Amino acid sequence: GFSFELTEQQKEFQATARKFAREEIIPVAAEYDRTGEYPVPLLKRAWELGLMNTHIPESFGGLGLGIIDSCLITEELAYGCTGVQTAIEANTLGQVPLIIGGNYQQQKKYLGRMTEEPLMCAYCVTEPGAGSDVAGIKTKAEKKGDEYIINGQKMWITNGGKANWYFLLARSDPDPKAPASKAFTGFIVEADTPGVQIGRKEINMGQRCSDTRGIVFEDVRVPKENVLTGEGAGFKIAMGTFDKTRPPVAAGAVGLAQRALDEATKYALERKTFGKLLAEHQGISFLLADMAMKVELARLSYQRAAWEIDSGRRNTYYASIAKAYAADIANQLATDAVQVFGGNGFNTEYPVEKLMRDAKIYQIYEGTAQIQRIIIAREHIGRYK
Amino acid sequence: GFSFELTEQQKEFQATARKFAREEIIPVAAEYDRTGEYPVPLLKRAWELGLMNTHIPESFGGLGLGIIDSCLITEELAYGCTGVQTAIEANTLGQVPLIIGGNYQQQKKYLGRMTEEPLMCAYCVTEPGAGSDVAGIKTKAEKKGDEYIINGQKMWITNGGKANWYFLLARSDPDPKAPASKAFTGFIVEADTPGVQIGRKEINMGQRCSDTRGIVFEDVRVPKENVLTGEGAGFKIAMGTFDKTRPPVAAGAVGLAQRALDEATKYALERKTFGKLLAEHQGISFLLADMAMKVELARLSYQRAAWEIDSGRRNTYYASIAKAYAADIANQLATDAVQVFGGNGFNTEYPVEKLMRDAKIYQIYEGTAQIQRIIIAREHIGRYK
Amino acid sequence: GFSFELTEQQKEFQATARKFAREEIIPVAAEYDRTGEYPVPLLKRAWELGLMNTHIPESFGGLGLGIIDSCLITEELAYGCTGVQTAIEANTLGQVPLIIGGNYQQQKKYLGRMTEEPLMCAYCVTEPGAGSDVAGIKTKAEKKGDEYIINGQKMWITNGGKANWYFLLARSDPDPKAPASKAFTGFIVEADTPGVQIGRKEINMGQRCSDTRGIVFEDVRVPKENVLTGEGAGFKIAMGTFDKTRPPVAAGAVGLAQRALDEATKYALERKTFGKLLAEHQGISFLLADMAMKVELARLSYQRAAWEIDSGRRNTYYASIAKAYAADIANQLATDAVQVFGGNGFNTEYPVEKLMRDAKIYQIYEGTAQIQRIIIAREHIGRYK
Amino acid sequence: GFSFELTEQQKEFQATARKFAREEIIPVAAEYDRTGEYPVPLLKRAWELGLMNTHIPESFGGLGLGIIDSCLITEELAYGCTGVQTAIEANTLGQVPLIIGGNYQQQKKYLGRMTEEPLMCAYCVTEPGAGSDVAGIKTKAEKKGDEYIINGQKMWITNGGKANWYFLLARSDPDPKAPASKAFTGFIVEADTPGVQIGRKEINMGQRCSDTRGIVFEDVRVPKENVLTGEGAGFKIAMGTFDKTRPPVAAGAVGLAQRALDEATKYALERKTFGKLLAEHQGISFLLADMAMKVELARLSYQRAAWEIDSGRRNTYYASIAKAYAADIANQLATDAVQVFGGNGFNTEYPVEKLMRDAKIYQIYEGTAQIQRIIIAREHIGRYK
């Protein structure tokens, strides 16, 4: 039977995440956007609150939460700032591969350490020449005795220069004609390994306090015991990762949509034009209505997709719907939020212009808007074919 | 926690409704749209199958199903023909008022009959001069000893010429400055009462097999025992009704969207142009994807709204979101479906132009797209104010 | 220098077209939609008014008007009814090929006769298996001595069963590998020729009084002197035809958008809800505003495209923009027009539901919405390549 | 008849503006957005080139160009940077009032100086408490013998800290029940007048090189000879100004749309994914097509609006359509352009995220998207009423 009711435990995680988001993140999110520092103090706290690495199984000192849980928490954090929240989320991204494709030993060693200190990790797939086309990746891995030799370059890595270790997808089969399903290998690469050249901090339009860099791998030596399931099983792990990790990215976008909604509404209830409150102009109340409608829909789609995977079923279809839809409305609301503010909305002393800048990324990373329509269409047709 | 899982009981109604809709409705739907006959044989069948009057409590020989159940069923019926489904739902519409504001004697008598014979009923609010503005209604109810004299005209009444009895909203407080909450009285009126003048069958663009007529009420005598809760409680019963009754109309709209999607998909997997299957042109695959996205989103919204009211809480906000969103996407899908059929889609021998004609009403009846925004805004704003 | 000013001659054509459209077409357009007769009386009058075949050069007794002229006149006619107007427009469609690819003799004989009586003609390209893909046409033409032998079937021919003669595109080169630019031939085929089997009147959603039928060609013998420019020049003539003929189809759609706009506005200025005129609700006035905006834009795009060809330049790009855009807004306005009418809009006694049904075709024939985006994109890229 | 043909004179300004914009603006635009410096060297150049103060009559050493001319130029400038272009247009904004409501002495003095030196001016209407509602302004103008005492605050003034003189709209009628048409007076005020307190430079999301500040006016003394037409004629000069001045803002928006389109196209013809050029994915070709459609449509609308006013007729209706439509599509194109750049589009080293930040203002200044609908509606409705 249907249920849209949170558990008391969930209600508590949510309250914690909300309180920290609004009491700690909000008051400083603006300064961090301006300066573009790494929000170390915030991450630290988030760690102590147990609002990071939430998905690490209990066996490794983790909380062992589900995808539903992460979404719930990450909707709250995103509300404060998606710059900060992205830092946090990236940790889970680099961890999932391990959780779903790692052995006890690999898990214990790399997931275990995240539990002990406030360490960070990153997910390295994208390259200058390939992002959407993962099968177009050119980073190569060559087996030499008991180790692998990694040569290649990765681009746009969140937590790029702050990561303890990286999950790294490389092409292990040189045969150009080798199929995607057996041409790649997933590795755990320690950032301190000789040969990893961390690039400069890339300066983007939004999520400015987030660390995004390119990375070069020059003859990096990785022990075979850092291969995750085996040689060739790299593609499947990547794909399997997006299904658990898309819902939470959808939840971030409807956090940033909720913020926009809250700001717009509050303002409309204060500002007057032509003798009436903004909210009293039918054209504005209609915009607020439309805005509200979208947030609820998008919150509803990520819950569906998260529940699906938590139930132990493939959620590719629902996850893409969620990421596709959540990304679009966060973008729509962001722009509609500065509109409501008028001249003030375009101004940097107000909180909505930041939102409009942060929102854009949701339509690009973790599978572009267009890539999502490719997945959905393929998954959709599959039921008539 | 969350659950998007049907009960084994709900799975069975669902199967029943589906089989009925695809084996019995679909094959004749087209020929009822053309002739505009009342689908008598279909309604009888739906009654026997127990896919009608689903909300009548057990005490009066009903199934005493919830709103989640009604929705589930409706979505299956609507897939077949919303012309036929609208006939069915009109029944639930006239019944609800009776269920939420009637006494045992009233329910026993009027609800009890619905459970004995395949009888129909109708909801009479709308007038020539007022639809959206139900505070604008002018049909008067004047107290004359132990009865009320009713004078007025109702317009666009579903089942108007086929109902055994009517729920009738009338103005009982003559004072123009009287508030809505106290100026109207709800009555249950038997169609055979002298003075009720049923008009001709109205020819509309869609849902042509549905019976919708105008009704004149001159000097209609109604016993005081037919007053629903009390004089003045009219307004509240009406609004109370829309909350229970908005979700199922939404579900009807995402059934007519599912159908559109199924037809378009099947066609896209057969027709060829420029050497490729329609589904192979990225232009079309993207269109199909957006279509699936909206169906899933709309389904989720009515589910939420239904669960809410079943849980014992007022769902005005969620109900209006679902009604408004489902309504819009039904209309978008209908036209896009006609579009991937090309030239054949404009033709009467293919099933999608009916869908297009049918869909338009969803943005009008049971609270107009604009009226839905008014409600959402009001409900939304009240959480900040 | 810029000028959006009509010539006095143009002002006069317009006045004539407007007066006839509103005094003769409107009062009977509804009855013709219902019955689906051919509006013979109207066509007759239109002929006498000199509102038909407007593009026939003066040399053949024609008025020799330009594309700007046709658009202007046809915007006025379409306002009355696109069912009727389509009949008229089809004449020009079948004539253009002749005007641009025929010799003095062919022109004199077939264009000349249109000037003498109120005859009709049709354009035959589309087949059951191919519409959008003209190069996919299978009607074959085989040269036998001094004549050609035509075998094949055409579908969806406007004026199909009322045409004196037809322009007919057939594949004259059996080599499957033969290029589009030399594989087809354009013919003038007299309807009375033994072997042409006119099909039944197809029943569609809109433009119901228009004659649309499929046609079979069984060993039809056509004199070589009915070939238009020569064997192989068939494709180019077809393509060349759409460029002169798209603007006027765009003008029809913004005629049907203007009607919708006029009806919606008038109604909004009469109907009251919640004490105010519809026009006084900001949400409605905003809809009317948006509606007005679209019509002006679309009228502006067809004028650009018509002027382009009249200046003796290739207008493929502007023509597609116009047809694409005009088709979409007519559709948007049609639905927004019934919305404004409320319950009445869905009703067949009101004039907007017809409009919503008529409008859909604009997105399909004379190059689908999708096909237009293909042309535009190709023409657009061409300027950077 | 119709003409979409530029004069040989207009072709030359156009070339001049284009060359300036691509050879001088583009190369430094990026570095002015980052530093937010006033583009002094660029403005000087524009002045020498004669691409500034274009509307000043010949009598005062001007070019005495029309609105069509201004638009043509502006579109070219805006293509480069609307940050820089906005500085330029602000000049024309403060000048117009003077041109339509000033005497010879006023024009000679204040317009004459603009033609001698590369001086700037500003338009001062907007206040902290009122922007959209210019009848809501509170800066008072009190008559004191032969001068007026001005008290109030202006907000968001373009060129506010760089202008030689200001056009200043003030309330001269203290009576609250006084009509807009008689309650305001227009003044020309010299920036060096004791009492004018220019605020700090405001940091906005876009058009960062543009100077926009708040200004306090306490006990500012203005000679009666600086009153534009007469006491009370303020309102009408202001509205009169927007009509001449809306078209060019529209043109600025379709320059920033043209740029977005050019960048996206160029990129789509270089980047490869899944073995094909971005432009080769139908998904993208369709997006590109829609983009081109809107640019062409918006260009046409400002042309129409400009021609109208140049023809000597009130263009309120057309001006607002152009402002509203151009504004919207500039915003749609900016985000779609960022989209086909993928990850690089979010990065500061690529030219499209600036476009996105820049574009948002177009939906706010010079009459808000909502205010434009109000005007269109009013203008539209008045043709039936």
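The chains carry the letters A, B, C and D, assigned in the order they are written, with residues numbered from 1 in each.
Everything that follows uses one rule, which is that a residue touches a chain if its C-beta (ideal position, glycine included) is under 8 Å from a C-beta of that chain, and two chains touch if they have at least 3 such contacts.
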| item | value |
| --- | --- |
| Selected pair, out of A-C, A-B or B-C, that shares over half of its residue contact pairs with A-D | B-C |
| Winner on C-beta contact pairs when B-D is weighed against C-D | C-D |
| Interchain centroid distance [CA atoms averaged], chain C/chain D, Å | 41 |
| Approximate Å spacing (C-alpha centroids) for the pair chain B, chain D | 51 |
| Chain C: positions in contact with at least two other chains | 281, 283, 286, 370, 373 |
| Chain C-facing residues of chain B, complex | 126, 130-133, 135-136, 155-156, 202-206, 273-274, 281, 283-284, 331, 335, 338-339, 342-343, 345-349, 353, 356-357, 360-361, 363-365, 368-370, 373 |
| Residue ranges of chain C touching chain A (in the complex, touch as defined) | 281-283, 286 |
| Contacting residues of chain D [partner chain C, same complex] | 1-7, 10, 68, 262, 265-266, 269, 279, 285-286, 288-290, 292-293, 296-297, 300-301, 303-304, 306-308, 318, 321, 324-325, 370, 372-374, 376-377, 380-381, 384-385 |
